[PDB]
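The chain below stands alone and is given in structure tokens; this is the form deposited in one PDB entry.
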């Protein structure tokens, strides 16, 4: 049916305004799940029923729960 967990745990260090769909909004403190990595300085995840991309300098890859 469904899958366990998808994406990596990350916390938004700073708020981000998504101009278009491609990009996803973020808030200082809001948590997100990175499914894949766009670039060396970008990422991709979901937040508030929304999927897009955002810079890694805005989020912070949490530490702890990780099962690959």
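Positions refer to the first chain, counted from 1.
FYI, the form deposited with a partner chain bound isn't displayed, but the following is about it.
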Inset, instruction - Answer yes if any heavy atom of residue 52 is within 4.5 Å of a heavy atom of its partner chain in the entry with it bound; otherwise answer no. - result: no
Inset, instruction - May I ask you to check whether residue 46 falls inside a 4.5 Å heavy atom distance of its partner chain in the entry with it bound? - result: no
Inset, instruction - Look up in the entry with it bound whether residue 42 has a non-hydrogen atom within 4.5 angstroms of its partner chain, and give yes or no. - result: yes
Inset, instruction - Examine residue 31 and determine whether its closest non-hydrogen atom to its partner chain in the entry with it bound is within 4.5 angstroms. - result: no
